[PDB]
file protein.cif (mmCIF, C-alpha atoms)
data_query
#
loop_
_atom_site.label_atom_id
_atom_site.label_comp_id
_atom_site.auth_asym_id
_atom_site.auth_seq_id
_atom_site.Cartn_x
_atom_site.Cartn_y
_atom_site.Cartn_z
CA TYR N 1 33.09 -0.69 5.37
CA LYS N 2 35.24 2.28 6.37
CA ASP N 3 36.22 5.45 4.52
CA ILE N 4 36.86 9.17 4.65
CA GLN N 5 33.62 11.06 3.99
CA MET N 6 33.75 13.98 1.54
CA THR N 7 31.04 16.62 1.56
CA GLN N 8 30.11 19.66 -0.48
CA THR N 9 27.27 21.10 1.58
CA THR N 10 26.43 23.65 -1.12
CA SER N 11 24.98 21.57 -3.96
CA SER N 12 24.34 24.40 -6.42
CA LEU N 13 25.48 27.93 -7.25
CA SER N 14 23.87 30.55 -9.49
CA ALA N 15 26.16 33.29 -10.79
CA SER N 16 26.86 35.71 -13.63
CA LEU N 17 29.70 35.72 -16.15
CA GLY N 18 32.68 37.53 -14.68
CA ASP N 19 32.03 36.67 -11.03
CA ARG N 20 34.50 35.04 -8.67
CA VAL N 21 32.97 31.69 -7.74
CA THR N 22 34.12 29.40 -4.95
CA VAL N 23 33.34 25.72 -4.48
CA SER N 24 33.94 24.28 -1.00
CA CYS N 25 34.70 20.78 0.14
CA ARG N 26 35.27 19.05 3.50
CA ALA N 27 36.83 15.68 4.34
CA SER N 28 35.85 13.90 7.58
CA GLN N 29 39.53 13.84 8.57
CA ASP N 30 42.91 15.17 7.47
CA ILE N 31 43.59 14.06 3.88
CA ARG N 32 47.04 15.68 3.77
CA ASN N 33 46.44 17.85 0.67
CA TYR N 34 45.63 14.88 -1.54
CA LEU N 35 42.48 16.61 -2.81
CA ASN N 36 41.57 16.72 -6.51
CA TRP N 37 38.92 18.64 -8.46
CA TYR N 38 36.87 17.55 -11.46
CA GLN N 39 34.43 19.47 -13.61
CA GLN N 40 31.51 17.63 -15.16
CA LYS N 41 30.29 19.57 -18.18
CA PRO N 42 26.59 19.78 -19.08
CA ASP N 43 27.02 17.02 -21.69
CA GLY N 44 28.04 14.67 -18.89
CA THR N 45 31.74 14.53 -19.75
CA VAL N 46 34.23 14.78 -16.86
CA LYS N 47 37.56 16.61 -16.87
CA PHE N 48 40.39 16.48 -14.34
CA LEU N 49 41.20 20.05 -13.24
CA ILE N 50 43.41 20.17 -10.15
CA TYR N 51 45.69 17.69 -8.44
CA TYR N 52 47.03 17.71 -4.90
CA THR N 53 45.01 20.77 -3.83
CA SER N 54 46.55 23.37 -6.13
CA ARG N 55 48.30 21.78 -9.11
CA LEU N 56 46.42 22.86 -12.23
CA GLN N 57 46.54 20.22 -14.92
CA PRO N 58 47.84 21.13 -18.39
CA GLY N 59 45.45 23.29 -20.40
CA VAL N 60 43.41 24.46 -17.40
CA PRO N 61 43.17 28.29 -17.39
CA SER N 62 45.03 30.33 -14.79
CA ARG N 63 41.75 31.80 -13.52
CA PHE N 64 41.27 28.52 -11.63
CA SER N 65 43.01 28.07 -8.28
CA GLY N 66 42.90 25.51 -5.50
CA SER N 67 43.48 26.12 -1.80
CA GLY N 68 43.25 24.16 1.39
CA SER N 69 44.91 21.88 3.88
CA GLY N 70 43.78 19.51 6.60
CA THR N 71 40.10 18.84 5.93
CA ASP N 72 38.91 22.02 4.20
CA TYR N 73 39.56 22.69 0.52
CA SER N 74 38.27 25.13 -2.07
CA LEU N 75 38.38 25.69 -5.81
CA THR N 76 38.16 29.29 -6.96
CA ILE N 77 37.20 30.53 -10.41
CA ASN N 78 38.06 34.15 -11.18
CA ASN N 79 36.23 35.92 -14.01
CA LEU N 80 33.69 33.12 -14.53
CA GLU N 81 33.33 32.14 -18.19
CA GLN N 82 30.58 30.22 -19.98
CA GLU N 83 32.73 27.12 -20.49
CA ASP N 84 33.20 26.92 -16.71
CA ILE N 85 29.56 25.96 -16.24
CA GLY N 86 29.04 22.46 -14.91
CA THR N 87 29.21 20.44 -11.72
CA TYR N 88 32.44 20.49 -9.70
CA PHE N 89 33.38 17.47 -7.57
CA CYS N 90 36.20 17.12 -5.06
CA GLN N 91 37.91 13.79 -4.44
CA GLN N 92 40.39 12.78 -1.76
CA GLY N 93 43.27 10.63 -2.94
CA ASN N 94 44.80 10.04 0.48
CA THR N 95 43.07 6.82 1.48
CA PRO N 96 41.44 4.06 -0.58
CA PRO N 97 38.63 3.66 -1.33
CA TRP N 98 38.74 6.98 -3.17
CA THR N 99 35.73 9.10 -2.20
CA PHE N 100 34.01 12.08 -3.84
CA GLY N 101 31.98 15.01 -2.55
CA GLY N 102 28.37 15.45 -3.64
CA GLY N 103 29.30 18.04 -6.24
CA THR N 104 28.35 21.69 -6.67
CA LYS N 105 26.43 22.50 -9.85
CA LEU N 106 27.30 25.91 -11.28
CA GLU N 107 24.75 27.68 -13.48
CA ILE N 108 24.47 31.18 -14.94
CA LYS N 109 21.58 33.26 -13.61
CA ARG N 110 19.26 35.38 -15.75
CA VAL N 111 36.88 10.60 -25.96
CA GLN N 112 39.99 8.39 -25.79
CA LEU N 113 37.99 6.00 -23.62
CA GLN N 114 34.91 5.02 -25.61
CA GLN N 115 32.31 3.22 -23.50
CA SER N 116 29.50 1.04 -24.84
CA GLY N 117 26.00 2.45 -25.31
CA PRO N 118 22.96 2.76 -22.97
CA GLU N 119 21.51 -0.32 -21.29
CA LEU N 120 17.93 -0.94 -20.15
CA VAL N 121 17.37 -4.10 -18.14
CA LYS N 122 15.08 -5.72 -15.58
CA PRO N 123 15.69 -6.45 -11.89
CA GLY N 124 17.70 -9.62 -11.25
CA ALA N 125 19.55 -9.48 -14.57
CA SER N 126 23.19 -8.68 -15.28
CA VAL N 127 24.94 -6.34 -17.71
CA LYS N 128 28.43 -6.09 -19.11
CA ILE N 129 29.59 -2.65 -20.16
CA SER N 130 32.83 -1.96 -22.02
CA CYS N 131 35.48 0.75 -22.22
CA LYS N 132 37.84 0.69 -25.19
CA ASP N 133 41.02 2.73 -24.85
CA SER N 134 42.35 4.04 -28.17
CA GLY N 135 45.55 5.24 -26.50
CA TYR N 136 48.68 3.16 -25.90
CA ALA N 137 49.00 3.02 -22.10
CA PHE N 138 46.03 0.75 -21.39
CA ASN N 139 47.99 -2.24 -20.08
CA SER N 140 50.28 -0.03 -17.99
CA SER N 141 47.55 2.02 -16.31
CA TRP N 142 44.87 1.41 -13.71
CA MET N 143 41.38 1.45 -15.22
CA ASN N 144 38.98 2.78 -12.61
CA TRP N 145 35.19 2.60 -12.64
CA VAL N 146 32.89 5.24 -11.10
CA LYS N 147 29.14 5.27 -10.39
CA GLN N 148 26.93 8.36 -10.57
CA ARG N 149 23.25 8.60 -9.67
CA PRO N 150 21.28 11.86 -9.73
CA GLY N 151 21.96 13.64 -6.45
CA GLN N 152 24.24 10.84 -5.28
CA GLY N 153 27.62 12.40 -6.07
CA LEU N 154 30.22 9.97 -7.43
CA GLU N 155 31.26 6.56 -6.05
CA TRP N 156 34.54 4.76 -6.80
CA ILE N 157 33.76 1.13 -7.66
CA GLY N 158 37.18 -0.39 -8.10
CA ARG N 159 40.06 -0.71 -10.51
CA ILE N 160 42.08 -3.21 -12.51
CA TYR N 161 45.60 -3.20 -13.89
CA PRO N 162 45.46 -4.92 -17.32
CA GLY N 163 49.19 -5.64 -17.21
CA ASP N 164 48.92 -8.42 -14.63
CA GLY N 165 45.17 -8.55 -14.03
CA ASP N 166 45.42 -7.25 -10.47
CA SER N 167 42.18 -5.79 -9.08
CA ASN N 168 41.00 -3.80 -6.07
CA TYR N 169 37.32 -3.35 -5.18
CA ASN N 170 35.33 -0.94 -3.03
CA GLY N 171 33.88 -3.20 -0.34
CA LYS N 172 30.45 -1.85 -1.25
CA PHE N 173 30.61 -3.33 -4.77
CA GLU N 174 32.58 -6.56 -4.31
CA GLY N 175 29.69 -8.94 -4.95
CA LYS N 176 28.06 -6.50 -7.37
CA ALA N 177 30.78 -5.66 -9.89
CA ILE N 178 33.38 -7.78 -11.68
CA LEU N 179 36.20 -6.06 -13.54
CA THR N 180 38.11 -7.73 -16.36
CA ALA N 181 40.30 -6.60 -19.24
CA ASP N 182 41.50 -7.70 -22.66
CA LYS N 183 45.12 -6.69 -23.28
CA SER N 184 44.87 -7.35 -27.03
CA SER N 185 41.95 -5.02 -27.73
CA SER N 186 42.74 -2.48 -25.00
CA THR N 187 39.27 -3.00 -23.57
CA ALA N 188 38.19 -3.03 -19.95
CA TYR N 189 34.84 -4.52 -18.93
CA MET N 190 32.60 -4.28 -15.89
CA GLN N 191 29.80 -6.72 -15.25
CA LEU N 192 27.07 -5.82 -12.80
CA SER N 193 24.88 -8.64 -11.49
CA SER N 194 21.66 -9.21 -9.53
CA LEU N 195 20.60 -5.73 -10.62
CA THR N 196 18.19 -3.64 -8.55
CA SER N 197 16.89 -0.10 -9.05
CA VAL N 198 19.83 1.01 -6.89
CA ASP N 199 22.12 0.03 -9.75
CA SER N 200 20.37 2.45 -12.09
CA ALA N 201 23.06 5.02 -12.81
CA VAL N 202 25.67 6.23 -15.28
CA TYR N 203 28.94 4.33 -15.00
CA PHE N 204 32.26 5.85 -16.06
CA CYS N 205 35.63 4.25 -16.65
CA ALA N 206 38.63 6.46 -16.00
CA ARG N 207 42.32 5.60 -16.07
CA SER N 208 45.04 6.74 -13.71
CA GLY N 209 48.81 6.40 -13.66
CA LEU N 210 50.62 4.24 -11.14
CA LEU N 211 51.81 7.18 -9.05
CA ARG N 212 48.99 9.72 -8.90
CA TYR N 213 45.81 9.24 -6.89
CA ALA N 214 43.45 10.86 -9.37
CA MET N 215 41.51 9.83 -12.49
CA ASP N 216 43.41 11.32 -15.42
CA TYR N 217 41.06 10.60 -18.34
CA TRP N 218 37.37 9.67 -18.31
CA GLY N 219 35.12 7.80 -20.72
CA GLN N 220 31.83 9.43 -21.72
CA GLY N 221 29.83 7.25 -19.36
CA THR N 222 27.33 4.45 -19.87
CA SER N 223 23.73 4.75 -18.71
CA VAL N 224 22.20 1.67 -17.13
CA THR N 225 18.49 1.76 -16.40
CA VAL N 226 16.91 -1.01 -14.34
CA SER N 227 13.14 -1.19 -14.94
CA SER N 228 10.29 -3.37 -13.64
#
call {"tool": "encode", "arguments": {"input": "protein.cif", "output": "C-alpha cells"}}
result
Amino acid sequence: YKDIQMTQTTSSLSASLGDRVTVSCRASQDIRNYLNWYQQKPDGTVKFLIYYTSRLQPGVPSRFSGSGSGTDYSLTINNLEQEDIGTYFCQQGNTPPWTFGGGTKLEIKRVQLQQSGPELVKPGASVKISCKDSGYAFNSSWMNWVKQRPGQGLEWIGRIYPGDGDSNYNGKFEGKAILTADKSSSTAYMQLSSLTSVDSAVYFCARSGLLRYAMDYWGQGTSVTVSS
C-alpha cells in the first residue's frame, strides 16, 4: 500500500458566532492544489464545499474561502454562523487512492442518494448495503464508497462506473469490499465480507463526475455494527 497522507492536527475547535474560524490541513507531499473541503453536519450528512483549493461550489456562501498550495491548505469561515457548525474534512484529489484528513469538528462555545438502513451483524458474516440514485446520471458517473469510524477520519474504499462496470479499489479493501451496480434501477451495492469489529462504521456512497477528483453528492450513510 502507498498513498499521500492527509492530516488535520487540530481535531476540534470551539468558537462563538461571528468569529473568523480557520481549519488547517497538510498533505505528506505536494498535491498541486487538488485539495477539496467537505462539511459534515451534525446529522451526519456530508456536503461538498470547495474544489481545487479555492473554488466554492454553487450555493456555498461567500464567507467561506480556501487557500493553499504545495502541502499546506486552509479553509476560512468569516462571520461564523450556526449552520456552519459541523466537522470539516480535507481531501486530496491529486493521487489515487483519494485520502482524507482526520477532520476538525467545529462547535459553538457557551438525499438524492438514498442508502439502505442500519445493519447489525456478527463477526465472520457479510452484509450488502445499497445506494439508490434518484437522479439521471447514475450510469454515467463514478459511484464512490467511503468509510467513517469515530475518530478515524474518512477512508476512500473504491468506485465503480455503472456504464461499463469498471471498478477501482483501495488496496486496503480489495478482499473486503465488492462493488456492483444495477443500471436498470440506478442502484449501487457494496458487499462487505468476513466482518470484524474493524468493519464497524458508517459507510457512505458518493458520486463524482468523470473529470473532477471530488465527491459531488453524498448519500446519508449506512451504519454497520459488528457485535459478538
call {"tool": "resolve_selection", "arguments": {"input": "protein.cif", "expression": "the PyMOL selection byres ((chain N and resi 72) around 8)", "output": "number ranges by chain"}}
result
N: 24-27, 68-71, 73-74
call {"tool": "residues_around", "arguments": {"input": "protein.cif", "residues": "residue 157 in chain N", "least_positions_apart": "2", "cutoff": "10 Å", "atoms": "all atoms listed in the file", "output": "PDB file with C-alpha atoms, in the coordinates of the input"}}
result
ATOM      1  CA  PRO N  97      38.630   3.660  -1.330  1.00  0.00           C
ATOM      2  CA  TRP N  98      38.740   6.980  -3.170  1.00  0.00           C
ATOM      3  CA  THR N  99      35.730   9.100  -2.200  1.00  0.00           C
ATOM      4  CA  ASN N 144      38.980   2.780 -12.610  1.00  0.00           C
ATOM      5  CA  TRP N 145      35.190   2.600 -12.640  1.00  0.00           C
ATOM      6  CA  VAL N 146      32.890   5.240 -11.100  1.00  0.00           C
ATOM      7  CA  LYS N 147      29.140   5.270 -10.390  1.00  0.00           C
ATOM      8  CA  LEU N 154      30.220   9.970  -7.430  1.00  0.00           C
ATOM      9  CA  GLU N 155      31.260   6.560  -6.050  1.00  0.00           C
ATOM     10  CA  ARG N 159      40.060  -0.710 -10.510  1.00  0.00           C
ATOM     11  CA  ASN N 168      41.000  -3.800  -6.070  1.00  0.00           C
ATOM     12  CA  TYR N 169      37.320  -3.350  -5.180  1.00  0.00           C
ATOM     13  CA  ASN N 170      35.330  -0.940  -3.030  1.00  0.00           C
ATOM     14  CA  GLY N 171      33.880  -3.200  -0.340  1.00  0.00           C
ATOM     15  CA  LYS N 172      30.450  -1.850  -1.250  1.00  0.00           C
ATOM     16  CA  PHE N 173      30.610  -3.330  -4.770  1.00  0.00           C
ATOM     17  CA  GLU N 174      32.580  -6.560  -4.310  1.00  0.00           C
ATOM     18  CA  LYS N 176      28.060  -6.500  -7.370  1.00  0.00           C
ATOM     19  CA  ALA N 177      30.780  -5.660  -9.890  1.00  0.00           C
ATOM     20  CA  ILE N 178      33.380  -7.780 -11.680  1.00  0.00           C
ATOM     21  CA  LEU N 179      36.200  -6.060 -13.540  1.00  0.00           C
ATOM     22  CA  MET N 190      32.600  -4.280 -15.890  1.00  0.00           C
ATOM     23  CA  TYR N 203      28.940   4.330 -15.000  1.00  0.00           C
ATOM     24  CA  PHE N 204      32.260   5.850 -16.060  1.00  0.00           C
ATOM     25  CA  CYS N 205      35.630   4.250 -16.650  1.00  0.00           C
TER      26      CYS N 205
END
call {"tool": "axis_aligned_box", "arguments": {"input": "protein.cif", "around": "range 105-115 of chain N", "padding_each_side": "6 Å", "output": "AutoDock Vina command-line options"}}
result
--center_x 29.6 --center_y 19.3 --center_z -17.9 --size_x 32.7 --size_y 44.2 --size_z 28.1
call {"tool": "closest_residue", "arguments": {"input": "protein.cif", "among": "N:105, N:202, N:43, N:17", "to": "residue 118 in chain N", "atoms": "all atoms listed in the file"}}
result
N:202
call {"tool": "residues_around", "arguments": {"input": "protein.cif", "residues": "residue 65 in chain N", "least_positions_apart": "5", "cutoff": "7 Å", "atoms": "all atoms listed in the file", "output": "PDB file with C-alpha atoms, in the coordinates of the input"}}
result
ATOM      1  CA  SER N  54      46.550  23.370  -6.130  1.00  0.00           C
ATOM      2  CA  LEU N  75      38.380  25.690  -5.810  1.00  0.00           C
ATOM      3  CA  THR N  76      38.160  29.290  -6.960  1.00  0.00           C
ATOM      4  CA  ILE N  77      37.200  30.530 -10.410  1.00  0.00           C
TER       5      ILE N  77
END
call {"tool": "resolve_selection", "arguments": {"input": "protein.cif", "expression": "the PyMOL selection byres ((chain N and resi 81-95) around 6)", "output": "JSON, numbers by chain"}}
result
{"N": [17, 31, 34, 35, 36, 37, 38, 39, 40, 41, 42, 80, 96, 98, 99, 100, 101, 103, 104, 105, 106, 107, 213]}
call {"tool": "closest_residue", "arguments": {"input": "protein.cif", "among": "N:181, N:52, N:116, N:127", "to": "residue 200 in chain N", "atoms": "all atoms listed in the file"}}
result
N:127
call {"tool": "closest_residue", "arguments": {"input": "protein.cif", "among": "N:10, N:67, N:163, N:110", "to": "residue 51 in chain N", "atoms": "only C-alpha atoms"}}
result
N:67
call {"tool": "closest_residue", "arguments": {"input": "protein.cif", "among": "N:113, N:108, N:46, N:192", "to": "residue 125 in chain N", "atoms": "all atoms listed in the file"}}
result
N:192
call {"tool": "residues_around", "arguments": {"input": "protein.cif", "residues": "residue 133 in chain N", "least_positions_apart": "6", "cutoff": "9 Å", "atoms": "only C-alpha atoms", "output": "JSON, numbers by chain"}}
result
{"N": [111, 112, 113, 114, 115, 185, 186, 187, 188, 219]}
call {"tool": "atom_distance", "arguments": {"input": "protein.cif", "atom1": "CA of residue 29 in chain N", "atom2": "CA of residue 6 in chain N"}}
result
9.1 Å
call {"tool": "atom_distance", "arguments": {"input": "protein.cif", "atom1": "CA of residue 3 in chain N", "atom2": "CA of residue 225 in chain N"}}
result
27.7 Å
call {"tool": "decode", "arguments": {"input": "protein.cif", "residues": "range 17-51 of chain N", "atoms": "N, CA, C and O atoms", "output": "PDB file, in the first residue's frame"}}
result
ATOM      1  N   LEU N  17     -20.397  32.580  17.540  1.00  0.00           N
ATOM      2  CA  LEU N  17     -20.989  33.076  16.306  1.00  0.00           C
ATOM      3  C   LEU N  17     -20.320  34.404  15.969  1.00  0.00           C
ATOM      4  O   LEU N  17     -20.097  35.230  16.852  1.00  0.00           O
ATOM      5  N   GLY N  18     -19.989  34.601  14.698  1.00  0.00           N
ATOM      6  CA  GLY N  18     -19.352  35.840  14.292  1.00  0.00           C
ATOM      7  C   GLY N  18     -17.840  35.785  14.167  1.00  0.00           C
ATOM      8  O   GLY N  18     -17.248  36.652  13.532  1.00  0.00           O
ATOM      9  N   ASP N  19     -17.204  34.784  14.769  1.00  0.00           N
ATOM     10  CA  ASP N  19     -15.747  34.666  14.690  1.00  0.00           C
ATOM     11  C   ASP N  19     -15.262  34.267  13.305  1.00  0.00           C
ATOM     12  O   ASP N  19     -16.039  33.828  12.449  1.00  0.00           O
ATOM     13  N   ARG N  20     -13.959  34.432  13.104  1.00  0.00           N
ATOM     14  CA  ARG N  20     -13.306  34.027  11.871  1.00  0.00           C
ATOM     15  C   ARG N  20     -12.601  32.732  12.266  1.00  0.00           C
ATOM     16  O   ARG N  20     -11.660  32.744  13.064  1.00  0.00           O
ATOM     17  N   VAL N  21     -13.076  31.620  11.723  1.00  0.00           N
ATOM     18  CA  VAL N  21     -12.513  30.316  12.042  1.00  0.00           C
ATOM     19  C   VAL N  21     -11.683  29.784  10.887  1.00  0.00           C
ATOM     20  O   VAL N  21     -12.032  29.973   9.723  1.00  0.00           O
ATOM     21  N   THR N  22     -10.587  29.107  11.214  1.00  0.00           N
ATOM     22  CA  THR N  22      -9.709  28.548  10.198  1.00  0.00           C
ATOM     23  C   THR N  22      -9.463  27.073  10.465  1.00  0.00           C
ATOM     24  O   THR N  22      -9.172  26.681  11.598  1.00  0.00           O
ATOM     25  N   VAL N  23      -9.579  26.262   9.417  1.00  0.00           N
ATOM     26  CA  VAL N  23      -9.339  24.829   9.522  1.00  0.00           C
ATOM     27  C   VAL N  23      -8.115  24.545   8.661  1.00  0.00           C
ATOM     28  O   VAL N  23      -8.082  24.909   7.478  1.00  0.00           O
ATOM     29  N   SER N  24      -7.110  23.907   9.254  1.00  0.00           N
ATOM     30  CA  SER N  24      -5.870  23.610   8.548  1.00  0.00           C
ATOM     31  C   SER N  24      -5.724  22.163   8.138  1.00  0.00           C
ATOM     32  O   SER N  24      -6.251  21.253   8.782  1.00  0.00           O
ATOM     33  N   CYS N  25      -4.973  21.956   7.068  1.00  0.00           N
ATOM     34  CA  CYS N  25      -4.759  20.627   6.538  1.00  0.00           C
ATOM     35  C   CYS N  25      -3.380  20.515   5.892  1.00  0.00           C
ATOM     36  O   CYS N  25      -2.913  21.462   5.271  1.00  0.00           O
ATOM     37  N   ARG N  26      -2.729  19.366   6.063  1.00  0.00           N
ATOM     38  CA  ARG N  26      -1.409  19.134   5.478  1.00  0.00           C
ATOM     39  C   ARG N  26      -1.344  17.800   4.741  1.00  0.00           C
ATOM     40  O   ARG N  26      -1.826  16.784   5.249  1.00  0.00           O
ATOM     41  N   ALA N  27      -0.745  17.809   3.551  1.00  0.00           N
ATOM     42  CA  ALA N  27      -0.557  16.590   2.772  1.00  0.00           C
ATOM     43  C   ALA N  27       0.917  16.216   2.974  1.00  0.00           C
ATOM     44  O   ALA N  27       1.758  17.089   3.190  1.00  0.00           O
ATOM     45  N   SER N  28       1.227  14.927   2.907  1.00  0.00           N
ATOM     46  CA  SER N  28       2.599  14.454   3.105  1.00  0.00           C
ATOM     47  C   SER N  28       3.539  14.868   1.979  1.00  0.00           C
ATOM     48  O   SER N  28       4.762  14.774   2.115  1.00  0.00           O
ATOM     49  N   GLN N  29       2.965  15.305   0.864  1.00  0.00           N
ATOM     50  CA  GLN N  29       3.755  15.768  -0.278  1.00  0.00           C
ATOM     51  C   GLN N  29       2.897  16.693  -1.133  1.00  0.00           C
ATOM     52  O   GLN N  29       1.683  16.778  -0.952  1.00  0.00           O
ATOM     53  N   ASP N  30       3.538  17.395  -2.056  1.00  0.00           N
ATOM     54  CA  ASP N  30       2.842  18.329  -2.924  1.00  0.00           C
ATOM     55  C   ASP N  30       1.655  17.655  -3.620  1.00  0.00           C
ATOM     56  O   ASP N  30       1.815  16.621  -4.272  1.00  0.00           O
ATOM     57  N   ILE N  31       0.460  18.224  -3.454  1.00  0.00           N
ATOM     58  CA  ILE N  31      -0.742  17.686  -4.100  1.00  0.00           C
ATOM     59  C   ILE N  31      -1.249  18.625  -5.204  1.00  0.00           C
ATOM     60  O   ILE N  31      -2.380  18.514  -5.674  1.00  0.00           O
ATOM     61  N   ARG N  32      -0.387  19.559  -5.594  1.00  0.00           N
ATOM     62  CA  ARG N  32      -0.664  20.505  -6.672  1.00  0.00           C
ATOM     63  C   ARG N  32      -2.029  21.198  -6.695  1.00  0.00           C
ATOM     64  O   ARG N  32      -2.651  21.305  -7.752  1.00  0.00           O
ATOM     65  N   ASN N  33      -2.473  21.679  -5.539  1.00  0.00           N
ATOM     66  CA  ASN N  33      -3.747  22.386  -5.400  1.00  0.00           C
ATOM     67  C   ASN N  33      -5.014  21.544  -5.507  1.00  0.00           C
ATOM     68  O   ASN N  33      -6.123  22.056  -5.316  1.00  0.00           O
ATOM     69  N   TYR N  34      -4.866  20.257  -5.798  1.00  0.00           N
ATOM     70  CA  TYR N  34      -6.043  19.402  -5.866  1.00  0.00           C
ATOM     71  C   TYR N  34      -6.415  19.052  -4.421  1.00  0.00           C
ATOM     72  O   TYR N  34      -6.150  17.946  -3.944  1.00  0.00           O
ATOM     73  N   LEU N  35      -7.022  20.014  -3.732  1.00  0.00           N
ATOM     74  CA  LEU N  35      -7.419  19.846  -2.338  1.00  0.00           C
ATOM     75  C   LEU N  35      -8.859  20.318  -2.180  1.00  0.00           C
ATOM     76  O   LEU N  35      -9.164  21.482  -2.437  1.00  0.00           O
ATOM     77  N   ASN N  36      -9.738  19.414  -1.751  1.00  0.00           N
ATOM     78  CA  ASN N  36     -11.155  19.728  -1.592  1.00  0.00           C
ATOM     79  C   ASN N  36     -11.614  19.731  -0.133  1.00  0.00           C
ATOM     80  O   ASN N  36     -11.024  19.059   0.707  1.00  0.00           O
ATOM     81  N   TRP N  37     -12.678  20.475   0.160  1.00  0.00           N
ATOM     82  CA  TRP N  37     -13.196  20.560   1.524  1.00  0.00           C
ATOM     83  C   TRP N  37     -14.650  20.135   1.638  1.00  0.00           C
ATOM     84  O   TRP N  37     -15.485  20.539   0.820  1.00  0.00           O
ATOM     85  N   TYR N  38     -14.945  19.331   2.656  1.00  0.00           N
ATOM     86  CA  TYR N  38     -16.306  18.873   2.895  1.00  0.00           C
ATOM     87  C   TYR N  38     -16.700  19.234   4.309  1.00  0.00           C
ATOM     88  O   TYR N  38     -15.849  19.302   5.204  1.00  0.00           O
ATOM     89  N   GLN N  39     -17.991  19.472   4.499  1.00  0.00           N
ATOM     90  CA  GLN N  39     -18.529  19.787   5.804  1.00  0.00           C
ATOM     91  C   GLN N  39     -19.530  18.703   6.171  1.00  0.00           C
ATOM     92  O   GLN N  39     -20.485  18.455   5.430  1.00  0.00           O
ATOM     93  N   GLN N  40     -19.301  18.038   7.295  1.00  0.00           N
ATOM     94  CA  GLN N  40     -20.241  17.021   7.746  1.00  0.00           C
ATOM     95  C   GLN N  40     -21.075  17.666   8.837  1.00  0.00           C
ATOM     96  O   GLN N  40     -20.565  18.018   9.904  1.00  0.00           O
ATOM     97  N   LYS N  41     -22.357  17.843   8.553  1.00  0.00           N
ATOM     98  CA  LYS N  41     -23.273  18.456   9.505  1.00  0.00           C
ATOM     99  C   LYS N  41     -23.488  17.544  10.705  1.00  0.00           C
ATOM    100  O   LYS N  41     -23.110  16.372  10.682  1.00  0.00           O
ATOM    101  N   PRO N  42     -24.096  18.075  11.776  1.00  0.00           N
ATOM    102  CA  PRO N  42     -24.347  17.264  12.970  1.00  0.00           C
ATOM    103  C   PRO N  42     -25.209  16.028  12.699  1.00  0.00           C
ATOM    104  O   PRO N  42     -25.045  15.004  13.365  1.00  0.00           O
ATOM    105  N   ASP N  43     -26.124  16.114  11.734  1.00  0.00           N
ATOM    106  CA  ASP N  43     -26.983  14.968  11.420  1.00  0.00           C
ATOM    107  C   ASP N  43     -26.258  13.890  10.620  1.00  0.00           C
ATOM    108  O   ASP N  43     -26.871  12.912  10.191  1.00  0.00           O
ATOM    109  N   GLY N  44     -24.959  14.079  10.406  1.00  0.00           N
ATOM    110  CA  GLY N  44     -24.175  13.096   9.678  1.00  0.00           C
ATOM    111  C   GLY N  44     -24.057  13.304   8.182  1.00  0.00           C
ATOM    112  O   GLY N  44     -23.196  12.697   7.539  1.00  0.00           O
ATOM    113  N   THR N  45     -24.911  14.152   7.618  1.00  0.00           N
ATOM    114  CA  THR N  45     -24.871  14.407   6.182  1.00  0.00           C
ATOM    115  C   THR N  45     -23.576  15.127   5.793  1.00  0.00           C
ATOM    116  O   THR N  45     -23.019  15.888   6.584  1.00  0.00           O
ATOM    117  N   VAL N  46     -23.107  14.884   4.572  1.00  0.00           N
ATOM    118  CA  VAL N  46     -21.869  15.486   4.083  1.00  0.00           C
ATOM    119  C   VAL N  46     -22.072  16.339   2.837  1.00  0.00           C
ATOM    120  O   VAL N  46     -22.672  15.885   1.863  1.00  0.00           O
ATOM    121  N   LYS N  47     -21.568  17.572   2.864  1.00  0.00           N
ATOM    122  CA  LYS N  47     -21.687  18.449   1.705  1.00  0.00           C
ATOM    123  C   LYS N  47     -20.333  18.929   1.183  1.00  0.00           C
ATOM    124  O   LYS N  47     -19.419  19.267   1.943  1.00  0.00           O
ATOM    125  N   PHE N  48     -20.225  18.920  -0.139  1.00  0.00           N
ATOM    126  CA  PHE N  48     -19.033  19.325  -0.869  1.00  0.00           C
ATOM    127  C   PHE N  48     -18.991  20.855  -0.858  1.00  0.00           C
ATOM    128  O   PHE N  48     -19.910  21.500  -1.361  1.00  0.00           O
ATOM    129  N   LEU N  49     -17.936  21.436  -0.290  1.00  0.00           N
ATOM    130  CA  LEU N  49     -17.836  22.892  -0.207  1.00  0.00           C
ATOM    131  C   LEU N  49     -16.877  23.576  -1.176  1.00  0.00           C
ATOM    132  O   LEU N  49     -17.256  24.532  -1.857  1.00  0.00           O
ATOM    133  N   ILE N  50     -15.633  23.110  -1.228  1.00  0.00           N
ATOM    134  CA  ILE N  50     -14.651  23.738  -2.101  1.00  0.00           C
ATOM    135  C   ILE N  50     -13.861  22.743  -2.927  1.00  0.00           C
ATOM    136  O   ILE N  50     -13.483  21.669  -2.449  1.00  0.00           O
ATOM    137  N   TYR N  51     -13.628  23.108  -4.182  1.00  0.00           N
ATOM    138  CA  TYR N  51     -12.878  22.262  -5.089  1.00  0.00           C
ATOM    139  C   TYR N  51     -11.589  22.955  -5.493  1.00  0.00           C
ATOM    140  O   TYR N  51     -11.523  24.181  -5.560  1.00  0.00           O
TER     141      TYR N  51
END
